[PDB]
Each structure stands twice: as C-alpha cells, then as structure tokens.
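A.B. asks: What follows is a single structure, and I will ask about it in a moment.
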Amino acid sequence: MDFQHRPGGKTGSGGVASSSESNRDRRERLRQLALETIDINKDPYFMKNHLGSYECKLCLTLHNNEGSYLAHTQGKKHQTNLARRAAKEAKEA
Amino acid sequence: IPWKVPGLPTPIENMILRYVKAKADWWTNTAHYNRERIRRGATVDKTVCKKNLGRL
Amino acid sequence: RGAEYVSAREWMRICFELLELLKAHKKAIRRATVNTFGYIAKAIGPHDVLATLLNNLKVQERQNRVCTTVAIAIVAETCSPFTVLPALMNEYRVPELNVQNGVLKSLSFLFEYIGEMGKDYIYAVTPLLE
Amino acid sequence: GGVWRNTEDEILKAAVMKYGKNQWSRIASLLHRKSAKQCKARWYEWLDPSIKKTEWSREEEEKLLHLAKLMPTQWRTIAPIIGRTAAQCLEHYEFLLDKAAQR
Amino acid sequence: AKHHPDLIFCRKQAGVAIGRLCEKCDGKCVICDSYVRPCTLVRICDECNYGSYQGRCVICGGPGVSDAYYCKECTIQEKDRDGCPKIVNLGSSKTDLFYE
Amino acid sequence: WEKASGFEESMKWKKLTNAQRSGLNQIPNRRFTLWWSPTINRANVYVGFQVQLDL
RNA sequence: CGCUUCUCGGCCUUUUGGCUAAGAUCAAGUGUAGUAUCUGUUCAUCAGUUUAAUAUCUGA
RNA sequence: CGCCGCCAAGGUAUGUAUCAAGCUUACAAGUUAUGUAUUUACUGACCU
Ligand SMILES: [Mg+2]
Ligand SMILES: [Zn+2]
Ligand SMILES: [Zn+2]
Ligand SMILES: [Zn+2]
Ligand SMILES: [Zn+2]
C-alpha cells in the first residue's frame, strides 16, 4: 500500500449527505447570494414575507425563489412609472 | 495571459517580470532535469511524475 | 420489544438515518418507519428525536416532509401528549412555507389519531388555526 | 439539453459578479443541473458584458465578407478579429447576408 | 378514493358480504383512507362479490388478506350506512404504469 | 469463486466521497491473504518472535 | 482675510495569510391527478345572445 | 560458475477546568383584469 499517495480522508467525518440536505444548503446559499446582491445593488423594494418567498413592493408581485425576483428588473417597468410620483413630490424636474 | 495591468509604475512591474522569468528558468530547468530522470529511470515518485505531467 | 440491549446512543444515531430511509416507493416502508420513530421515542424520550423530525421539514421534496409529518403524529400518539406540542407551536414562527405546512398537517394527523383526547388542546391550537 | 433559461442566467451573472472569472465549480455548485464546462460555454458565449449581441454595423460586415472568403470555415478564428466575439452571431450574419444576396 | 378523484363507487345496496383488503392495502379506510380507529365492517353487494370476485380487495382488486373496516370518523358521519363502496373503475392509475 | 455483485452496474446511488470511490478494495487483498494462510504463516522458516493475538 | 506643511478625529476593499499538479477530485430520477405565481404578451353607437352586474357575435 | 532472507513513522484525532503516584531540594530558619408561449414552486400518506 502507498499510504502517502492515496486519496485520503479524516477520521470521524461522517461523509456527505443525500440530495435533501445538499439542495437545502444550496437554496440557503442562493438565498444568501440574492440578499448580498440586493445589498450591493441597494434595492429598497425587495421584501421577504412570513413564508420564505420574495416580493416586489412597488410591483406588489410574488416570486417563488431567488431568480424569479432577480430576473424581474426589465419587465413591466413601473420604475419609470414612479416619475409621476416624483412629479407629485416635486413639481419641477 | 499577457498580464497588461494599467496605471502601474514601470520599475516594480519589470522587476516582477524578471523575477517571474527567473522563476520560469528554474521551473523549466527543473522540468527538463526530472523529465530526463524519469525517462532514464532514476526516481519512481508519484509526486514527481504527476507534477511533471502538468509541468510539461 | 428489545429497547434495553443498547447503550442509549444507537436509537439517536439511527433516527437520522431513518430520514434517508424515506422516499422509498412501496408505502409499506413508509408506514412501518413512523412506528419505528414512535417506539424509538417511547424508548429514549420524545425530546431528541423531536428536533430531528422538525429538521426533516425543510426538504423541497414530497414523500419526505409528509412522511415525517406522520412521524410527528406517531411521536404525539404513542407516548403521552404535551411533549411535542409546544415545539410544534414554536416552529410556526419560522418564516418558511414547508415547516408551517408540516406543523399544520401534523396537527391534522395528531387530532385524527387522538380523537377524544383533543378536548383539552382545542383552546391551545385555536390561536394557531386562526 | 441545456435550455439555459433567464432565471439561471441572472443567477450565473450574480455568481460571476461575486466570485470571479476562472472560478467555475464553486458557481456551478448552486444550479442543480449544470456543470462547469457548459457554464463556461454560455458565459464566453452569451453572458460576457463585452459581447455585442446586437447592433449589426456596416464596417464589420464588409470586413467579414472578404474574411470568410480567405477561410470558408474557422468562424471561431475570426471571432476575435471582428470583435463580435460570440462566434455564432457571425454565422447568423453570414447565412443572413447570403440569403439576402440570393432571395 | 379521495386521492384519485376520477374513481367512482358502486353505491348499490349492501348485504351480508364482508369486504376484504389485500396485503398492500391492509388497514386502509375506504372513504377517508386512514389507518386508525376501526369501528364497522364493510358490507358490499352480491354483484361485486360473486364468482372470481370473492376474496378480492376493494380498492386494488387484488387477493384479500385481512377484513375491511370503516373508521370511527366514517361511523359518526354515517358514511358506512350508504351504498356499497366498491371501486369499479380504474383510470389513469396502475394502468399507464403497465405500459411504461 | 466470487460472483456476488462483481460488475455492480449501479451499486445504490450513494455519494462515494474520496476513498471509497478512488481507493483500492481491501477485501480481495485480505481474502487472498486468507486463502494461502498456512503458507504465508508457516512456523518453521523463522522460528523466533511469534505474536499471538488476544483470545 | 488668503496660502503651504504637520498632528488628532468623524471614515468608503481589509477573507482565515504563502506555495506546490486551477492543490487533487466530486454533483444521476421518474410516472399520475391538480393548483398557485413570475417572464413573454396584447386589449365605434343602436338591437338581442350571455353574465349577479359586467366582458364574443351579428348592425350603419 | 548458483542473486535474493525487512523494521518503523504513514489512521482510528487533541485543546481544556479538577483528583493520586512518578520524579525532585531534602534544603534557608529565633392601476386591478384577460388570453396564451412558458418556467419556478405547492398539494393529495398518489404510485411498481
Ligand atoms: Mg491526513
Ligand atoms: Zn388494496
Ligand atoms: Zn375513514
Ligand atoms: Zn358493490
Ligand atoms: Zn363573425
């Protein structure tokens, strides 16, 4: 046997889990990824509810997972329809 | 990768270039040497052979 | 019938493996394993396998969250009540869809399995059902 | 298959934005279907921000019409030469301008 | 059953024929499909218990092992004193799985 | 001789982390050493230090 | 009053260091019934049909 | 014309707060909404 040039491992490891804990940690990691990307992009309208789904607040729209929200930046542009609210806020440009 | 980074002073970058060139000279002169050694049959090390695969 | 021949650590380390024993498509395995959970909790107390059965409620997959919902019902019904109900009330505060659906379906199978013993617990889970 | 829907594409954009460029297994560990090589293929094909996936011009077309005659094949060779760099938009331009020259 | 809504019951008059359940569906209720609290034996008609249809399970139509039962939830709702709950049809379940 | 699951088409789709995937199988190397036991363990070539196990 | 220099603070990259072969490798699931939600998408005056009231058709 | 005689480290982790013997001096001392292309999720203890 070659004890130095074998694929080794540490004792008392337990291994790695099945698909359930792996994609659970994958969904939590994608949740943290989405939260840090909206933290860098500084989005004040992204909001999470009481059941782990995402919401656009000016949109008032649901999103089941992360990529459902972070693909909603191009369609139904109410972000340019807040120009009426800005005109109500200030009568001049 | 040609490593063209902008906004950088010339003496530190060309001393980095000659230092990585000296490391490249040592790297290739050791690669030729241990390739000749595992060609003629000097060492049988798995580390040296599996390193020399990527070092060629 | 043989829960005295161990070192009390084995029934705790197999109930995590009994989570991976699920998603087997025969319905006999999935109806026997909840009884094994119930007799495990009858052996070593319904306070350590309970956290395992509540951690089995974030899976994204079916046949693994309802098959531990039935296990929450069996740990509720084999040994005496008021040992699983405060934490089952507590897990609704966790902001996830699957754990709330799991605790509601576990209350469903709970009252379905106990029947006449729910006369004292209706006023406690009425503020959860509202 | 590789359908490559936009919900995974924007996640891959965020993963390239956070982690890096030659860092592919760590960002393919969060997609449930894709490996590193197909993510490399699409990111060097569609998701790089220097890709000019639209705005077809006059100068690059007249450049490539006597460049696809120097070599009839090798569209990936001339893809850094044109600057379109997608290596499949050149094929679409070539077959489209040969359909327009025949009609 | 309540799991597959396209299944219809027989709903004719119940006699003295005791229903049976197979080894795959032992302990299952017929209406609510539960496992606990048995109260009432299952009585089916003579047309669904005749000839080769004797000793046969109610739901899957396999060979019966144990006796069929009603739950107490079906008893106090009196869903046992209705017509005979023998499932006749079999559609979109255990049929296309034979072709796959 | 050995026939039980030699090819092993799909074992049961576990994870096979580091050593049970790429490392060598120890059970043929120990059953072969078990098979020539009196003539890998013979008493009278070196009759000196012998090491009996417990029990 | 303006200008140059220094010191103190309010602060806008700080990741567990560096190097060897990117250090080396890995990551299978269905089929049935039904539902919610995103993206894409588009919304001229009588008479009757229909509809809780509304919203398709024929008419000038 | 007659090679050659094999040990070990490499693997069942080690960082802590108490409790004797081993060893040590025996010493300094008053904006709701529709239609559809289309996913993502969710439900029925759905199923060999
Ligand atoms: Mg090690
Ligand atoms: Zn049956
Ligand atoms: Zn019932
Ligand atoms: Zn009948
Ligand atoms: Zn018409």
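Residues are named by chain letter and number: chains run A, B, ... in the order of the structure tokens, numbers start at 1 in each chain, and ligands are numbered from 1 in the order shown.
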Got a sec to pull out which chain G residues are within 12 Å of chain D, counting only C-alpha atoms (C1' of nucleotides), and send them as a count of residues only?

C.D. replies: 8

A.B. asks: Ligand 4: which residues are within 8 Å, counting only C-alpha atoms (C1' of nucleotides) and all ligand atoms, as a list in words?

C.D. replies: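 My answer, listing the contacting residues, is residues 9, 10, 11, 12, 13, 14, 44, 45, 46, 47, 48, 49, 83, 84, 85, 86 and 87 of chain E.
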
A.B. asks: Filtering to N, CA, C and O atoms, could you give me those residues as a CSV table (one decimal), in the first residue's frame?

C.D. replies:
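File result_14.csv, as written:
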chain,number,residue,atom,x,y,z
E,9,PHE,N,-67.6,5.1,-6.9
E,9,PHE,CA,-68.0,3.9,-6.1
E,9,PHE,C,-69.2,3.2,-6.7
E,9,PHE,O,-69.9,3.8,-7.6
E,10,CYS,N,-69.5,2.0,-6.2
E,10,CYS,CA,-70.6,1.2,-6.8
E,10,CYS,C,-72.0,1.7,-6.3
E,10,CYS,O,-72.9,1.8,-7.1
E,11,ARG,N,-72.1,2.0,-5.0
E,11,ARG,CA,-73.2,2.7,-4.3
E,11,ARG,C,-74.5,1.9,-4.4
E,11,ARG,O,-75.6,2.5,-4.4
E,12,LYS,N,-74.5,0.6,-4.6
E,12,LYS,CA,-75.7,-0.2,-4.5
E,12,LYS,C,-75.9,-0.7,-3.1
E,12,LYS,O,-75.1,-0.4,-2.2
E,13,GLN,N,-77.0,-1.5,-2.9
E,13,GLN,CA,-77.4,-1.9,-1.6
E,13,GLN,C,-76.5,-3.0,-1.0
E,13,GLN,O,-76.0,-3.9,-1.7
E,14,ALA,N,-76.2,-2.8,0.3
E,14,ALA,CA,-75.2,-3.7,1.0
E,14,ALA,C,-75.9,-4.8,1.6
E,14,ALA,O,-76.9,-4.7,2.3
E,44,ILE,N,-70.7,-5.2,1.2
E,44,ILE,CA,-70.8,-4.9,-0.2
E,44,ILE,C,-71.9,-5.8,-0.8
E,44,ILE,O,-72.4,-6.7,-0.2
E,45,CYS,N,-72.3,-5.4,-2.1
E,45,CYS,CA,-73.4,-6.1,-2.7
E,45,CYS,C,-73.0,-7.5,-3.3
E,45,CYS,O,-71.8,-7.9,-3.2
E,46,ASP,N,-74.0,-8.2,-3.8
E,46,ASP,CA,-73.7,-9.5,-4.3
E,46,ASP,C,-73.1,-9.5,-5.7
E,46,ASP,O,-72.5,-10.5,-6.2
E,47,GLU,N,-73.3,-8.4,-6.4
E,47,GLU,CA,-72.7,-8.3,-7.8
E,47,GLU,C,-71.2,-8.1,-7.7
E,47,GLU,O,-70.5,-8.6,-8.6
E,48,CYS,N,-70.7,-7.3,-6.7
E,48,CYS,CA,-69.3,-7.1,-6.6
E,48,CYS,C,-68.6,-8.2,-5.8
E,48,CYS,O,-67.4,-8.1,-5.6
E,49,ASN,N,-69.4,-9.2,-5.3
E,49,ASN,CA,-68.8,-10.3,-4.6
E,49,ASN,C,-69.5,-11.5,-5.2
E,49,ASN,O,-70.5,-12.0,-4.6
E,83,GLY,N,-74.5,3.4,0.3
E,83,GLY,CA,-74.3,2.3,-0.7
E,83,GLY,C,-73.0,1.6,-0.5
E,83,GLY,O,-72.1,2.1,0.2
E,84,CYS,N,-72.8,0.5,-1.3
E,84,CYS,CA,-71.6,-0.3,-1.2
E,84,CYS,C,-70.4,0.4,-1.8
E,84,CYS,O,-70.5,0.8,-3.0
E,85,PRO,N,-69.4,0.7,-1.0
E,85,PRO,CA,-68.2,1.5,-1.6
E,85,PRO,C,-67.2,0.7,-2.3
E,85,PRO,O,-66.0,0.8,-2.0
E,86,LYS,N,-67.6,-0.1,-3.3
E,86,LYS,CA,-66.7,-0.9,-4.1
E,86,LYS,C,-66.2,-0.1,-5.3
E,86,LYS,O,-67.1,0.3,-6.1
E,87,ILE,N,-64.9,0.1,-5.4
E,87,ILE,CA,-64.4,0.8,-6.5
E,87,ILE,C,-64.5,0.0,-7.8
E,87,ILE,O,-63.9,-1.1,-7.8

A.B. asks: Need to verify the contact set: residue G:41, 12 Å, only C-alpha atoms (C1' of nucleotides), exclusion of same-chain residues closer than 3 positions in sequence. Can you return it as a list in words?

C.D. replies: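 The neighbour list is residues 75 and 76 of chain A; 34, 35, 36, 37 and 38 of chain H.
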
A.B. asks: Restricting the output to N, CA, C and O atoms (P, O5', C5', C4', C3', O3' and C1' of nucleotides), write the selected residues as a PDB file, in the first residue's frame.

C.D. replies:
ATOM      1  N   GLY A  75     -38.953  43.829 -17.045  1.00  0.00           N
ATOM      2  CA  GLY A  75     -40.330  43.773 -17.480  1.00  0.00           C
ATOM      3  C   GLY A  75     -41.258  44.566 -16.572  1.00  0.00           C
ATOM      4  O   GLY A  75     -40.988  44.761 -15.386  1.00  0.00           O
ATOM      5  N   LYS A  76     -42.382  45.001 -17.172  1.00  0.00           N
ATOM      6  CA  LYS A  76     -43.440  45.853 -16.609  1.00  0.00           C
ATOM      7  C   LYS A  76     -42.875  47.027 -15.808  1.00  0.00           C
ATOM      8  O   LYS A  76     -43.046  47.118 -14.587  1.00  0.00           O
TER       9      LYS A  76
ATOM     10  P     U H  34     -57.276  37.496 -14.963  1.00  0.00           P
ATOM     11  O5'   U H  34     -57.636  37.246 -16.494  1.00  0.00           O
ATOM     12  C5'   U H  34     -58.986  37.267 -16.931  1.00  0.00           C
ATOM     13  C4'   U H  34     -59.084  37.589 -18.399  1.00  0.00           C
ATOM     14  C3'   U H  34     -58.357  36.637 -19.334  1.00  0.00           C
ATOM     15  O3'   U H  34     -59.084  35.449 -19.590  1.00  0.00           O
ATOM     16  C1'   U H  34     -57.858  38.869 -19.938  1.00  0.00           C
ATOM     17  P     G H  35     -58.439  34.021 -19.232  1.00  0.00           P
ATOM     18  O5'   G H  35     -57.691  33.594 -20.571  1.00  0.00           O
ATOM     19  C5'   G H  35     -58.418  33.394 -21.773  1.00  0.00           C
ATOM     20  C4'   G H  35     -57.615  33.795 -22.984  1.00  0.00           C
ATOM     21  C3'   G H  35     -56.317  33.036 -23.210  1.00  0.00           C
ATOM     22  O3'   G H  35     -56.503  31.757 -23.791  1.00  0.00           O
ATOM     23  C1'   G H  35     -55.909  35.339 -23.440  1.00  0.00           C
ATOM     24  P     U H  36     -56.126  30.435 -22.954  1.00  0.00           P
ATOM     25  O5'   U H  36     -54.646  30.079 -23.424  1.00  0.00           O
ATOM     26  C5'   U H  36     -54.327  29.938 -24.801  1.00  0.00           C
ATOM     27  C4'   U H  36     -53.163  30.817 -25.183  1.00  0.00           C
ATOM     28  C3'   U H  36     -51.791  30.161 -25.174  1.00  0.00           C
ATOM     29  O3'   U H  36     -51.527  29.423 -26.355  1.00  0.00           O
ATOM     30  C1'   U H  36     -51.693  32.270 -24.081  1.00  0.00           C
ATOM     31  P     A H  37     -50.614  28.102 -26.296  1.00  0.00           P
ATOM     32  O5'   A H  37     -49.128  28.657 -26.436  1.00  0.00           O
ATOM     33  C5'   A H  37     -48.019  27.883 -26.006  1.00  0.00           C
ATOM     34  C4'   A H  37     -46.732  28.662 -26.102  1.00  0.00           C
ATOM     35  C3'   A H  37     -45.674  28.320 -25.064  1.00  0.00           C
ATOM     36  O3'   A H  37     -44.916  27.170 -25.399  1.00  0.00           O
ATOM     37  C1'   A H  37     -45.935  30.659 -25.162  1.00  0.00           C
ATOM     38  P     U H  38     -44.823  25.936 -24.373  1.00  0.00           P
ATOM     39  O5'   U H  38     -44.071  26.539 -23.105  1.00  0.00           O
ATOM     40  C5'   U H  38     -42.733  27.006 -23.201  1.00  0.00           C
ATOM     41  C4'   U H  38     -42.396  27.952 -22.077  1.00  0.00           C
ATOM     42  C3'   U H  38     -42.459  27.370 -20.674  1.00  0.00           C
ATOM     43  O3'   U H  38     -41.312  26.613 -20.329  1.00  0.00           O
ATOM     44  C1'   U H  38     -43.563  29.460 -20.710  1.00  0.00           C
TER      45        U H  38
END

A.B. asks: Restricting the calculation to only C-alpha atoms, which member of F:5, F:18, F:25, F:52 is positioned closest to chain A?

C.D. replies: F:18

A.B. asks: My list of candidates is F:39, F:22, F:33, F:50. Which is closest to chain G when distances are computed with only C-alpha atoms (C1' of nucleotides)?

C.D. replies: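 Looking only at the distances to chain G, the closest residue turns out to be F:22.
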
A.B. asks: May I have a table of the residues of chain E lying at most 6 Å from ligand 2, giving each one's closest pair of atoms and their distance in Å to one decimal, counting only C-alpha atoms and all ligand atoms, ordered by chain and ascending residue number, as a tab-separated table?

C.D. replies:
residue	atom	partner	partner_atom_place_in_ligand_line	distance
E:21	CA	ligand 2	1 (Zn)	5.5
E:22	CA	ligand 2	1 (Zn)	4.8
E:24	CA	ligand 2	1 (Zn)	5.7
E:25	CA	ligand 2	1 (Zn)	4.0
E:57	CA	ligand 2	1 (Zn)	5.3
E:59	CA	ligand 2	1 (Zn)	4.7
E:60	CA	ligand 2	1 (Zn)	4.1

A.B. asks: Save out the residues we just selected, N, CA and C atoms, as a compact mmCIF listing (two decimals), in the first residue's frame.

C.D. replies:
# COMPACT_ATOMS: atom_id res chain seq x y z
N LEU E 21 -59.45 -6.78 2.22
CA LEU E 21 -58.37 -5.90 1.81
C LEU E 21 -57.12 -6.73 1.54
N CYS E 22 -56.33 -6.28 0.57
CA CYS E 22 -55.13 -7.01 0.19
C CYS E 22 -53.99 -6.72 1.17
N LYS E 24 -51.25 -5.23 0.40
CA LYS E 24 -50.73 -3.90 0.12
C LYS E 24 -51.60 -2.80 0.72
N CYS E 25 -52.91 -3.03 0.84
CA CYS E 25 -53.83 -2.02 1.35
C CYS E 25 -54.47 -2.45 2.67
N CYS E 57 -59.81 -7.70 -2.91
CA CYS E 57 -59.68 -6.40 -2.28
C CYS E 57 -60.64 -5.39 -2.91
N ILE E 59 -60.21 -1.86 -3.19
CA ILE E 59 -59.62 -0.75 -3.94
C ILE E 59 -58.83 -1.28 -5.14
N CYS E 60 -57.78 -2.06 -4.87
CA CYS E 60 -56.90 -2.51 -5.94
C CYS E 60 -57.41 -3.74 -6.67

A.B. asks: Compile the residues of chain G that lie within 12 Å of chain C, evaluated using only C-alpha atoms (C1' of nucleotides), and express the compilation as a list in words.

C.D. replies: residues 29, 30 and 31 of chain G

A.B. asks: So that I can see what lies close to residue C:81, please list as a list in words the residues with an atom at most 12 Å from it, counting only C-alpha atoms (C1' of nucleotides) and leaving out residues fewer than 3 positions away in the same chain.

C.D. replies: residues 42, 46, 72, 73, 74, 75, 76, 77, 78, 84, 85, 86, 88, 110, 111, 113, 114, 117, 118, 120 and 121 of chain C

A.B. asks: Compute the set of protein, DNA and RNA residues whose minimum atom distance to ligand 5 is at most 10 Å, using only C-alpha atoms (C1' of nucleotides) and all ligand atoms, and state it as a VMD selection string.

C.D. replies: chain G and resid 56 to 58

A.B. asks: Generate a file of the selected residues that holds N, CA, C and O atoms (P, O5', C5', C4', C3', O3' and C1' of nucleotides), formatted as a PDB file, in the first residue's frame.

C.D. replies:
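Saved to selection.pdb:
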ATOM      1  P     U G  56     -65.468  41.248 -26.384  1.00  0.00           P
ATOM      2  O5'   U G  56     -65.760  40.446 -27.728  1.00  0.00           O
ATOM      3  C5'   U G  56     -64.900  39.400 -28.156  1.00  0.00           C
ATOM      4  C4'   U G  56     -65.683  38.210 -28.650  1.00  0.00           C
ATOM      5  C3'   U G  56     -66.693  38.491 -29.752  1.00  0.00           C
ATOM      6  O3'   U G  56     -66.102  38.549 -31.039  1.00  0.00           O
ATOM      7  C1'   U G  56     -67.695  37.151 -28.072  1.00  0.00           C
ATOM      8  P     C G  57     -66.393  39.795 -32.011  1.00  0.00           P
ATOM      9  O5'   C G  57     -67.696  39.361 -32.818  1.00  0.00           O
ATOM     10  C5'   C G  57     -67.737  38.136 -33.536  1.00  0.00           C
ATOM     11  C4'   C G  57     -69.145  37.606 -33.635  1.00  0.00           C
ATOM     12  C3'   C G  57     -70.147  38.513 -34.334  1.00  0.00           C
ATOM     13  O3'   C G  57     -70.090  38.415 -35.747  1.00  0.00           O
ATOM     14  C1'   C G  57     -71.076  37.724 -32.303  1.00  0.00           C
ATOM     15  P     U G  58     -69.519  39.636 -36.623  1.00  0.00           P
ATOM     16  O5'   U G  58     -70.790  40.177 -37.417  1.00  0.00           O
ATOM     17  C5'   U G  58     -71.531  39.326 -38.280  1.00  0.00           C
ATOM     18  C4'   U G  58     -72.993  39.307 -37.908  1.00  0.00           C
ATOM     19  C3'   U G  58     -73.767  40.588 -38.179  1.00  0.00           C
ATOM     20  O3'   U G  58     -74.196  40.703 -39.525  1.00  0.00           O
ATOM     21  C1'   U G  58     -74.243  39.814 -35.990  1.00  0.00           C
TER      22        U G  58
END

A.B. asks: Counting only C-alpha atoms (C1' of nucleotides) and all ligand atoms, which protein, DNA or RNA residues come within 12 Å of ligand 1, given as a ChimeraX atom specification?

C.D. replies: /A:3-11 /F:19 /H:10-13

A.B. asks: Using only C-alpha atoms (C1' of nucleotides) and all ligand atoms, which protein or nucleic acid residues are at most 9 Å from ligand 3, as a count of residues only?

C.D. replies: 19

A.B. asks: Using only C-alpha atoms (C1' of nucleotides) and a cut-off of 7 Å, which residues of chain E sit close to chain G? Please list them as a ChimeraX atom specification.

C.D. replies: /E:4,92-93

A.B. asks: Could the residues in this selection be saved with N, CA and C atoms as a PDB file, in the first residue's frame?

C.D. replies:
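File written: result.pdb
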ATOM      1  N   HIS E   4     -57.460   9.876  -5.727  1.00  0.00           N
ATOM      2  CA  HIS E   4     -57.706   9.982  -7.156  1.00  0.00           C
ATOM      3  C   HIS E   4     -59.178  10.303  -7.373  1.00  0.00           C
ATOM      4  N   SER E  92     -56.202   6.119 -15.156  1.00  0.00           N
ATOM      5  CA  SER E  92     -55.023   6.982 -15.016  1.00  0.00           C
ATOM      6  C   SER E  92     -54.174   6.646 -13.789  1.00  0.00           C
ATOM      7  N   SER E  93     -54.284   5.420 -13.283  1.00  0.00           N
ATOM      8  CA  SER E  93     -53.520   4.954 -12.134  1.00  0.00           C
ATOM      9  C   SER E  93     -53.483   3.436 -12.196  1.00  0.00           C
TER      10      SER E  93
END

A.B. asks: Taking the chain letters and numbering used in this document, name the residues of chain C that DSSP puts in alpha helix (DSSP H), as a ChimeraX atom specification.

C.D. replies: /C:10-14,17-20,29-44,49-55,66-77,85-90,97-114,122-129
